Amino acid sequence: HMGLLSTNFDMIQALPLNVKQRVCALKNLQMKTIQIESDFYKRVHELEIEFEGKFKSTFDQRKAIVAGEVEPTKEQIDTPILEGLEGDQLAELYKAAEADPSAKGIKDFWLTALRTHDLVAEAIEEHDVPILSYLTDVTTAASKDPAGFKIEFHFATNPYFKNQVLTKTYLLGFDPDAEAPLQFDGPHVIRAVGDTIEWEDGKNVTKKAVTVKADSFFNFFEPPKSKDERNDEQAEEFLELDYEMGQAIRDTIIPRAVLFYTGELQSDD
Amino acid sequence: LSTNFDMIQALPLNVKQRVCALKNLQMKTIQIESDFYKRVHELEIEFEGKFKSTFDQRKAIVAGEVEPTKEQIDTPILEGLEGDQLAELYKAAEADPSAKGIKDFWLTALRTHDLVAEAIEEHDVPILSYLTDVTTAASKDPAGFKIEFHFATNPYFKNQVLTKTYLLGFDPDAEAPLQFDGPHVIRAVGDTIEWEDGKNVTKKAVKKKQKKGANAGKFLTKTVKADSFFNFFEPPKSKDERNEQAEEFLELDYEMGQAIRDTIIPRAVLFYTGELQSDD
Amino acid sequence: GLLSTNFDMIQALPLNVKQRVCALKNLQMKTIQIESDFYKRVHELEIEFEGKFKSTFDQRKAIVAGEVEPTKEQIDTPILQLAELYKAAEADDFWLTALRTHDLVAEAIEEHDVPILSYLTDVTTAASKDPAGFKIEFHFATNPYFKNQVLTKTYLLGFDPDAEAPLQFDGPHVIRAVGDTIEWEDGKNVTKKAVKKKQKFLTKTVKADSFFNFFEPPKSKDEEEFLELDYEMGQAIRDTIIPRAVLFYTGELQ
Amino acid sequence: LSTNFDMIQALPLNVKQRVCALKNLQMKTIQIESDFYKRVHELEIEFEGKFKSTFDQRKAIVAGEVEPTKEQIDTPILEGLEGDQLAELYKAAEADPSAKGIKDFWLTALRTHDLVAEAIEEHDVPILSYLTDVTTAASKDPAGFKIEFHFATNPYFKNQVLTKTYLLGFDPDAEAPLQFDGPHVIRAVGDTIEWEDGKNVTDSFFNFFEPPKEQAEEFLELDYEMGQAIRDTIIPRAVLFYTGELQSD
Amino acid sequence: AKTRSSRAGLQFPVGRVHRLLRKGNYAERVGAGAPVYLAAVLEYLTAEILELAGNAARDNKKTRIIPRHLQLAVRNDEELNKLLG
Amino acid sequence: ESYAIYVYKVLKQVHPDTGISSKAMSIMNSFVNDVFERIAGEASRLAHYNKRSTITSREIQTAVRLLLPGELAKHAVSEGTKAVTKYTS
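Protein chains in written order, with PDB author numbering: chain B, 8 to 217, 234 to 254, 259 to 296; chain A, 12 to 254, 260 to 296; chain F, 10 to 89, 96 to 107, 115 to 221, 229 to 252, 263 to 293; chain E, 12 to 213, 238 to 248, 260 to 295; chain I, 15 to 99; chain J, 33 to 121.
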């Protein structure tokens, strides 16, 4: 929160000017230390881009398993479906339901994973659920040239829209702002760019029937703007929450999708 | 912690084997994450030198070894103040020449952080007033990091520097392979405080009753652990070392060390002024 | 303990007599150790006599399995009117009947265990010295319920007084019991049963009543009367049923 | 009468001859068991000497002939008592030099055992107060055991020791071999008490030395059980009955 | 100690309770008094359950409160059973 | 979340030399978290009937009374009020 109302404000008020000016020097060096951190975060972003290819293979296999394209191996089968289960309990769970050959792959896998995460769950409304049942994969990739990252929602052939993939892009800034140089917590978002959904007829859940904007998860592809039309701080708050949800999908859900499917993970950590 | 458990129960064994296969693939992703975190650690070790200059200048200013420059003076002590308030704050106290440096600087910074604040007791305050600097550095070959509390010549102990090292593992735990969130702690190594006479605040004596003993219904004097911040240099033994409610204390020890290394040391003055308060 | 029937007397004894009583307790401990050695010797005697009983028990196994035919003297032994009883049926499950005749074992034998126990070719017992204990082997035949040729239940026993309760020695006690792993086939595990819960209904396999739970013994130190009852059933099989098996078959013992 | 009687009758009787063969083998097993019990009897006789030292030390301590040792003193008088209660109990009475050892030790031990308690009458208590020792020993050719009640100089009878012997059979019956459960009792032989004048209490416990040798066989069996209780339970753990911490049959 | 929770006599984390209340998006703003109150109430419930479960551990001659001890303590106390059951 | 350290402090305060298992401590953590969730949810509901959705000691108090049964509720309210009093002092 910073500013005044600083926990140790009365102390700094009582400090003689001698130390009051020394504290000012420490603030100046703190600004320099913040700048070094920004360079660090740029390096970490490049490191994420480097490892994208290393993670790609495992995520592609997950997509294959979810889509029923490939079958599990013996080693994969001898993996506990839920961690922390005794052999007796594991046997009970495996023998609690009989195999249905009709069910090809995991159904509603990404829908369930997204709705198990609290932040994303608050965005999913009832009319978006059947649409999200078609989510075959959710992928992310980070760029350095326009400084940002993207999240791609790969859908199947659905009676709601013709788009095969819906893309959400975030352009991010790694340098601290001059207004609040000491309030640097990592890369911030400069802007967000959504997608245009080729909705079928009468299926656009983002629009109400009163035509006015409705509440839907797919508004995620209609992000707020930074160079808005002056015809509005709520837009900035909306953009920050949109960025937070994008980070939740990119950094937490996609890396550990099954743990959200199994529900063994929640938003914290 | 198996949210959506009834669903997993209702899944046909056919889909259950696919979910377990996904868990195996999650283990593979975790291994790649472990390699990522190893690289990130090397990056921090690389940036140690870049941070050194600013941290050393801070240490010099706090100890009164150097005086602020014009650019340093024209930096607002409290960011976000109105000018009519900044001028009043500067003119609210007159300069005292006796005060050489910033006293209790590291004491104030450590006590403003919530987690560390819960560890500092009042009898620990005068000892922590001798804290000239707090530095941290990371190792790759033993795979860990250290926090060094530089003390001055004090009537509490003869130790010139109190060092706390954490040996941490970057590979997923065999116990909880899917619960990998980054490097975990293998064990923690404290220091031996050359306490003077009657100054050991980490240990006390209690006249307890060993009547709950062995053919001895008598009361005896026992040396019991006393509540102090310097018990930080007597870390909880790891699983291998000595053998409930000890892994939790060790994890809190690791959390406090991480708070000092990642949060307080990089932004110490922000905790001194209290403009930033983190918890965990 | 302090609730000793003659506690007021023991307190009323002068320190002079009380220290002498303490001496008697020490000598009692020595006597307890001598008894421990005695029981060890009796166990060694049982192991020695195992071989003496072995030949007769092997002949029993051969006769029960139809491997050998009886001799004239064997015919001339009363089965329990003799002519009427012998001539009552025209010519052409030993352990099942024998075990179900013993009351304690019978309470463990349920209906679904009867066809399984119809495969019992032999039941044998033997005692060990270095791993101080004994074992019971239920030798089964080729059965459509499990692949086990023999199901073994072992009891590890302690012949030395406990240091916690040194004066409470009553003979060898049971330290722990080790069962066996039954290679139950599919739908043949009589120790388990199915049940469901409200909502496709979710099936929940649950514990069932069977004699073969005898081969799933209670644990000793893991996180007690059940273990003692398991030991009692094992003692009944080893000491009473196996030595006089036909006497339980004929019903000549109550 | 046989529980599984219908089984033998409904049996095709071809295998019934096999059952008869098993009956013969059971007779053989019964004989082997008889030899086993004989060996156990020899083992008890062998262990008599091992128990002798401790039992004689008990006799000396009870009679005040010897004094307790430092190790002997540092044994809790009652098991399961902590240091507080143990010290308090020791501090409940002061040492009386007018007591020669344990008084009525064997009387108390015998009367704490349930079966023996039912035999002890009121007039037998002062007589049994002279019991220095109760010992037992087993024989092989007489095939049995004996219990000797060693008495002191008493104004009730001149017998120094009253002996009760049980002659036992370890061999299976030839007529009915299959009802063998171990050594049985053949007979019991008491002693002749040289009572003084007006002291013959014979309802009394000392009728135990006048053995009987449906109700008479029951008398012999209960007499044998009392003898076994004295031999196997009371004598081995006499002090446990003295303190009353053990009451068994 | 010197913590926000030490300024109310409580041994539960006032700061952590505040953070959880804000992070849970229960409302738009939360004052300082609500974390103090909530942490105090949770500390009281923890203390009462621990008291009953440790008394039960004593009645079972155990220095470690096993979960069965908490179960017996909860069932025996009618109010605790109404709250937790 | 985990209140294990604080639960342990409370345990040593109430019973000095008793201890708690790790599974019992998990049961205690679930108790504390469940009560937290119920009290916070009720506070949120009672704050919807307020302006700008601010949660003070009032909403927590009302939730405590509406959830905690009988004597427990009374004692909880007492200690909450005491704590807010000292925190303000």
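Each residue gets a CB set at the ideal place from its N, CA and C atoms; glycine is no exception.
What three-state label does DSSP hand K39/B in the structure shown?
If DSSP states are grouped into helix, strand and coil, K39/B belongs with the helices.
Would you tell me roughly how many angstroms separate the C-alpha atoms of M38/B and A187/B, rounded to the nearest one?
Roughly 10 angstroms between the two C-alpha positions.
Residues of the stretch 263-278 of chain A with a CB closer than 7 angstroms to any CB of chain J: list them in chain order, please.
Correct list: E264, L268.
Select from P194/A, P166/A, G201/A, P153/A the residue whose C-alpha is nearest the C-alpha of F160/A.
When only C-alpha atoms are compared, the closest one is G201/A.
Rounded to whole angstroms, what's the CA-CA distance from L100/F to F16/E? Just pull it up for me.
Their backbone Cα atoms lie some 10 angstroms apart in a straight line.
In chain I, which residues lie less than 8 angstroms from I131/A when you measure between Cβ atoms?
Those are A15, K16, listed as they occur along chain I.
Spatial neighbours of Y177/A within its chain, please: CB distance less than 7 angstroms, with the 5 preceding and 5 following residues excluded, ordered by chain position.
Contacts found: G155, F156, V196, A199, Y270, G273.
Anything in the stretch 59-85 of chain E with a Cβ closer than 9 angstroms to a Cβ of chain F? List those residues in chain order, please.
Cβ contacts with chain F: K61, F62, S64, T65, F66, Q68, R69, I72, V73, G75, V77, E78, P79, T80, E82, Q83, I84, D85.
Report the neighbours of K39/B on chain A: residues whose CB is nearer than 9 angstroms to its CB, in chain order.
Under the 9 angstroms cutoff, chain A gives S64, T65, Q68.
Compute the distance between the beta-carbons of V127/B and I281/B, then report whether it is under 8 angstroms.
Contact flag unset, no.
Given that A36/J touches chain I, what residues does it touch there, using C-beta distances under 8 angstroms?
Within 8 angstroms Cβ-Cβ: nothing; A36/J doesn't reach chain I, min ~11 angstroms.
So is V127/F in contact with chain E if we call contact Cβ pairs under 8 angstroms?
No, its Cβ sits nowhere closer than 8 angstroms to a Cβ of chain E.
Along the beta strand (DSSP E) that carries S150/A, what are the first and last residues, could you check?
142-150 is the span of the beta strand (DSSP E), which, as asked, contains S150/A.
Counting only Cβ-Cβ distances shorter than 8 angstroms, please list the residues of the stretch 39-57 of chain I near chain J, keeping chain order.
Those would be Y40, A41, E42, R43, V44, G45, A46, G47, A48, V50, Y51, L52, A53, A54, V55, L56, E57, in chain order.
How would you list, in chain order, the residues of chain A whose beta-carbon sits under 8 angstroms from the beta-carbon of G29/I?
What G29/I touches in chain A: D125, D295.
Using the beta-carbon of each residue, which ones in chain A are nearer than 8 angstroms to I52/J?
Chain A residues near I52/J: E260, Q261.
8 angstroms is my cut-off, CB to CB: does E93/E come that close to chain A?
Answer yes: the Cβ-Cβ gap between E93/E and chain A drops below 8 angstroms somewhere.
Using a Cβ-Cβ cut-off of 6 angstroms (strictly less than) and excluding sequence neighbours within five positions of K214/F, which residues of its own chain qualify?
These residues qualify, in order along the chain: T234, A237.
Spatial neighbours of residue 228/F within its chain, please: CB distance less than 7 angstroms, with the 5 preceding and 5 following residues excluded, ordered by chain position.
Inspection of chain F shows residue 221 followed directly by residue 229; residue 228/F is thus not represented.
Please classify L64/I: is it buried, with 16 or more other beta-carbons within 10 angstroms of its beta-carbon, or exposed?
When all chains shown are included, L64/I counts as buried.
Restricting to Cα atoms, I'd like to know which of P153/E, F191/E, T203/E, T289/E is closest to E291/F.
The shortest Cα separation from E291/F among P153/E, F191/E, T203/E, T289/E belongs to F191/E.
By Cβ distance below 8 angstroms, which residues in the same chain neighbour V96/J in space, the five residues on each side in sequence not counted?
Only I71, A105, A108, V109, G112 meet the Cβ criterion.
Drop a sphere of 10 angstroms on the beta-carbon of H124/E, count the other beta-carbons inside from all chains shown, and report buried for 16 or more, exposed for fewer.
So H124/E ends up on the buried side.
For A115/J and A54/I, which I take to be in contact (beta-carbon distance under 8 angstroms), what is that distance rounded to the nearest angstrom?
Indeed they touch by this definition, with Cβ atoms about 4 angstroms apart.
Use the C-beta contact count for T147/F: other C-beta atoms within 10 angstroms, 16 or more gives buried, fewer gives exposed.
So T147/F ends up on the buried side.
To the nearest angstrom, how far is it from the Cα of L36/F to the Cα of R69/E?
Cα-Cα distance, rounded: 7 angstroms.
Count the CB pairs spanning the stretch 57-66 of chain E and the stretch 39-55 of chain F that are closer than 8 angstroms, and state whether there are at least three.
Cβ pair count under 8 angstroms is three or more, so yes.
Does the beta-carbon distance from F116/A to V73/A come in below 8 angstroms?
Yes, they are a contact pair.
Can you list the residues of chain A that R36/I reaches, using a CB-CB cut of under 8 angstroms?
The premise fails here: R36/I is roughly 11 angstroms from chain A at the closest Cβ pair, so nothing lies under 8 angstroms.
Which residues, taken in chain order from the stretch 16-35 of chain F, show a beta carbon closer than 9 angstroms to some beta carbon of chain E?
Against chain E - using a Cβ distance shorter than 9 angstroms - the residues of the stretch 16-35 of chain F are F16, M18, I19, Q20, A21, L22, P23, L24, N25, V26, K27, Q28, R29, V30, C31, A32, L33, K34, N35.
For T203/A and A149/F, I'd like the C-alpha separation in whole angstroms.
Approximately 58 angstroms, taken between the alpha carbons.
Measuring only the C-alpha atoms, how far is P246/B from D208/B?
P246/B and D208/B: Cα-Cα distance of roughly 23 angstroms.
Quick one: is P153/B buried, meaning 16 or more other Cβ sit within 10 Å of its Cβ, or exposed?
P153/B is exposed by the Cβ-count criterion.
For a contact defined as C-beta to C-beta under 9 angstroms, what are the partners of residue 259/A on chain B?
Residue 259/A cannot be placed in this structure, since chain A goes from 254 to 260 without the numbers between.
Can you pull the chain A neighbours of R33/I, defined as C-beta to C-beta under 8 angstroms?
Result: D295.
From which residue to which residue does the beta strand (DSSP E) around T174/F run?
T174/F -> beta strand (DSSP E) spans 172-180.
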